[PDB]
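Below you will find one chain, with nothing else, as structure tokens; this is the form solved without the named molecule, and questions on how it binds or moves follow later.
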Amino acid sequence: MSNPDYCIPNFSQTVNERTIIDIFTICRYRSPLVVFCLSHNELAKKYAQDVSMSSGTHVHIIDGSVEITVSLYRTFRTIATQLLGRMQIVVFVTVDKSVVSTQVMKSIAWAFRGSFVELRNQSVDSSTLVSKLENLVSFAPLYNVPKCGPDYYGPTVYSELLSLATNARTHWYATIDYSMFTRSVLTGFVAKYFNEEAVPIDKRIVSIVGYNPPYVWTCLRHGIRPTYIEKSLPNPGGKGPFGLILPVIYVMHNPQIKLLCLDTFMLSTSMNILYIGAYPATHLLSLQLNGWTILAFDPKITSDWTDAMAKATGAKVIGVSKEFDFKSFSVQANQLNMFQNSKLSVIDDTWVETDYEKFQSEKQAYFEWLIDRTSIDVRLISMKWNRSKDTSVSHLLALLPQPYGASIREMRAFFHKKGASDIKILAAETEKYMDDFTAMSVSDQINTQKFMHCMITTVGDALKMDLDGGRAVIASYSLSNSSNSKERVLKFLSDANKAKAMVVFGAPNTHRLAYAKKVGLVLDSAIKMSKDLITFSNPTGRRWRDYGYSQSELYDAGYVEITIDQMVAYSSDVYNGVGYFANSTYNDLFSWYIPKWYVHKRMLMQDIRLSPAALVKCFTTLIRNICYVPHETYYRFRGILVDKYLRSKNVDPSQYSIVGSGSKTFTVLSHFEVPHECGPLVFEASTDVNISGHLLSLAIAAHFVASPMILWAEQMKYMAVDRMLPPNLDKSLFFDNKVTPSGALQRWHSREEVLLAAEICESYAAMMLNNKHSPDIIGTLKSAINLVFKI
């Protein structure tokens, strides 16, 4: 009949601008999954029952009654459709590690934005296992294990949700936590790239464009070293060649952030470290330090300590249970023999209760000797400083406050070959200084870490840097010029891709921001834009401007969008960063991109880590539930859309018969062709055409969150024929795709079936979203897909 208002499926009454807002809102909950591995199936079943009956959590048990790749396929195909349902989902995995390994299950979990718990080692009465199981029921529908990462150090404290003393509330800073998660994942991705490209460990250095403090920690957590690139040097305003002897004067609650601050910076300066007063050095256990050599001096050191430290960090650890001999000015003393003709830095955390000032006289005289050696490239020495008397020092680059010592009096000195050749430190300056430092707030003390970070900063124009050697760079806002910036950034990226460099690029997505503004989600108050020029502002009222970019602009410059989900899942085997709890609308406005050469080299075979599985079904299923679209009816609508499209190209209806089912979109009756800038699309008599359904649903999802569509399109281009699985990868990572008897990934679609889907994409979006879609989002996707399939 006439009005669609009294017909189903119904888009006209169910999808208005407020439905679109609601889909945006629901996307903040799009990470419901917990993957929990344990070796006791009766225990799994008990907690599965407890959490589903008490909170409605959906529960699955992969117990080995079914072959593992089939059980994964069944379980995660179901889950993929449900990720926007706003209900928790838990998969218990109780098969052996030899059936599905820790690393494979963690990859799958993170590919579905889930938290991951591995406890299969544990006995049935293990207090930790029972604790984590009971936590499922206490916290559901939330969980206190982070998603997509083992650790979290933000303000959220799940135990506060259970305390009457806090009114059973805790902090929740989604954007800040997600931004930190993102910095972590980008670092992890570069770590994975180094590993995949077999870069020598001493060349695992990444350039961060723009000073970004968290990267020091994230890089050392991943065993790579950071260096910042700044266009200009703000004046430290102190004495010494560099102004770091007394210069003028995100959330991360790490337990011993004090010792982490110095040590992660010092581990940047050199792969070889002399550490005096090392015991216990428990904060080092969290880092990845393959390729580092740590010579540790302390009377408390045991054989047990050394072995634990090398096991946990991977560094070469020579632990000697002695006091250091600061009286012997010989390179042959203190075992410094191994550091001959090598770069070395020294972390001195020794101190004495009585005669401290004169203890500092013996060490400083040792460090002044050691700092100008010639058989050892001595790079930097860190020493505690508390001088009540006046003393002159040689080769002193930086006399610095402690950013995490919180109103204490002790200071830190840094010896360097190019520090001041002579300088007398008086005690009234330092007392009046540390008085100023004691006065400043907690936040202000921490931020003096900038002064330590100057020493691992480079001035220069990032757009002019040398990109040879597969150089790794992380770049977003600061990657820009003062002049002609957008054009210069895209040329730089295009050049970087041509050079086979690894410049990782992020930017606000123009058409997603414009869409979120148009439907009324983002206000002019918070973010404005004219064309691709965007003005941001926080409640503080500080404004900054930056350019939005689109997928087709980047592809034209040789760059392919990848999601944060894909980066962390791809990097799962080396990842040692933080996870997250909530998704953030603000973060979802940004897209991240990697150069085309690396996608072609390493990502054309779509295992689950590089797949769109966690986006390709959940928006479609949400809309079908809201709009009353039966499963088979959905495929009928696809057929009707293709019928209308072919008629608009004056294809005569006798050359094809519409089927509109899940297996056949239409059947070709007689030979015809459709003009297309990537074609013509050719259709042969007596064949079935089945268009690419993933293209259609990814085009919807690209309205709301960062899109895997370009990476998918390159994979789809590769999958015109069967492709043998890579021998170096666990076959289980391909569970979600069809595999032939020969062990090959089975072909997906012809180029016709893909480009036909691209051609009807706009009308599909208009149908599913009741003409409240974005033609611009569709158009940039369509243009990029046509470049992928360029003729």
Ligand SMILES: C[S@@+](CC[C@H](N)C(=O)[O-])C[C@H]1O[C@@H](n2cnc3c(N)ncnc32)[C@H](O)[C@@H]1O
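Don't overthink the numbering: it's just position in the shown sequence, from 1. We call the rigid core whatever largest set of C-alpha positions still superposes within 1.5 Å between the two forms.
This next part talks about the form solved in complex with the named molecule, which is not shown.
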Q | Open or blocked, the named molecule overlaid from its pose in the deposited complex onto this form, 2.4 Å backbone/C-beta test | A | blocked
**Q.** Partner-facing stretch of 147 to 155, 442 to 450, 229 to 237, 551 to 559, counted where any non-hydrogen atom is within 4.5 angstroms of the named molecule in the deposited complex
**A.** 229 to 237
Q: Taking 4.5 Å between heavy atoms as the contact cutoff, choose which of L463, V674, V689, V95 touches the named molecule in the deposited complex.
A: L463
Q: Consider the chain as shown here, without its partner, and state which of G243, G660, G210, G291 has a heavy atom within 4.5 Å of the named molecule in the deposited complex.
A: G210
Q: Decide whether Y628 counts as a contact residue for the named molecule in the deposited complex under a heavy atom distance cut-off of 4.5 Å.
A: no
Q: May I ask you to check whether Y477 falls inside a 4.5 Å heavy atom distance of the named molecule in the deposited complex?
A: yes
Q: Determine whether any heavy atom of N484 comes within 4.5 Å of a heavy atom of the named molecule in the deposited complex, and answer yes or no.
A: yes
Q: Fix the rigid core, compare C-alpha positions between this form and the one not shown, and report which of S127, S525, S530, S482 shifts by 2 Å or more.
A: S482
